[PDB]
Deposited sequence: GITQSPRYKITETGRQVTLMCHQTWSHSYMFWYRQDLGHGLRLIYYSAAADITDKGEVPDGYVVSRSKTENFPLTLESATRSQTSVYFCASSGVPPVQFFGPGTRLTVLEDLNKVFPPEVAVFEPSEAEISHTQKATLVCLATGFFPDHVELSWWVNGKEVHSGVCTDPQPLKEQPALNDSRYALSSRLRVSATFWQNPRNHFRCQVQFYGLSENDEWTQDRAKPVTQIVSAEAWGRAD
């Protein structure tokens, strides 16, 4: 398989970032793409070991292929124009390419705009329970930047995948503003009898990808680090 490291990353303008790619098939060809909302654009591609040639958009990037199984992509001086979802690829015999899971990279002019999400769970309405004999819980995560969030539902320790409906794309809170904070919505629908049981524990988890332990904070608020903000709710019988 192909692995990519890291999966989520936040950096600043002028910083040096390296994205890692690995493969276990010993494929000779390897590729590095960026997927800006222009399609898949080739940055660099390596025919074999120590063979590196430029692609369609090589400006601002540097690669190396000292060994076959690795193809690191380096941003020399990160710019806001290099904010993208980066996909690594490899291929044995052309043309079929195998892609990694992708790296979501966000370059910022400053880390004063990164914020963790505020998560809240909203209990179903008795009107819905009386009308449809169902109970929809709504999870709301607001005020986070960037949109490196993963929402999941937790019910009594197991993972709820039935009756779950999460937003496809986050919602810019101030769409006219640049680098505006985001909001994410989600829903979980259970039977009316399942919600009326008070022992059932509902918890909405939002995995936020923020700052690493190797970053610093000169401001006063808690350093927006990679963390998990969760909201809970228990099923009232009335």
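S.K.: Identify which parts of the deposited sequence carry no C-alpha coordinates, going from the N-terminal end onward.
M.R.: Missing from the model is only the stretch 38.
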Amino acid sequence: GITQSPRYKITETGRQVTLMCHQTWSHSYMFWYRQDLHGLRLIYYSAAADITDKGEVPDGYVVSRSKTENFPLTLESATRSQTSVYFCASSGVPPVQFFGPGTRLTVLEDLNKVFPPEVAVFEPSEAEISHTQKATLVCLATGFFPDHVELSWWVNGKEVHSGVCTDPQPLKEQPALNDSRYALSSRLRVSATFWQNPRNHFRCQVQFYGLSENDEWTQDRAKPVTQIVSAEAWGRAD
From here on, numbers count along this sequence of modelled residues.
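S.K.: Mean C-alpha B factor from the entry: is it higher for 107-115 or for 72-80?
M.R.: The deposited B-factors put 107-115 ahead on the C-alpha mean.
S.K.: Report the stretch with the higher mean CA temperature factor, choosing between 6-14 and 216-224 on the basis of the entry.
M.R.: Averaging CA B-factors over each stretch, the winner is 216-224.
S.K.: Of the options 43, 188, 177, 63, which has the highest CA B factor as deposited?
M.R.: Most elevated C-alpha B-factor of the set, per the entry: 177.
S.K.: Kindly indicate the residue among 34, 38, 67, 27 with the greatest C-alpha B-factor in the PDB record.
M.R.: Spelled out: the listed residue with the top C-alpha B-factor is 38.
S.K.: Using only modelled residues of the chain, where does the Cα B factor of residue 154 rank: lowest third, middle third or highest third?
M.R.: According to the entry, residue 154 has a C-alpha B-factor in the chain's highest third.
S.K.: Considering every modelled residue of the chain and its Cα B-factor in the PDB entry, is residue 137 in the lowest, middle or highest third?
M.R.: Answer is lowest: the recorded C-alpha B-factor places it there.
S.K.: Quick one: classify residue 125 as lowest, middle or highest third of the chain based on its Cα B-factor.
M.R.: Within its chain, residue 125 is a middle-third residue by C-alpha B-factor, going by the deposited values.
S.K.: By its CA B factor, does residue 192 count among the lowest, middle or highest third of the modelled residues in the chain?
M.R.: Ranked within chain, residue 192 CA B lands in the highest tercile.
S.K.: Compare the C-alpha B factor of residue 48 with those of the other modelled residues in its chain, then answer lowest, middle or highest third.
M.R.: Middle third of the chain for residue 48's C-alpha B-factor.
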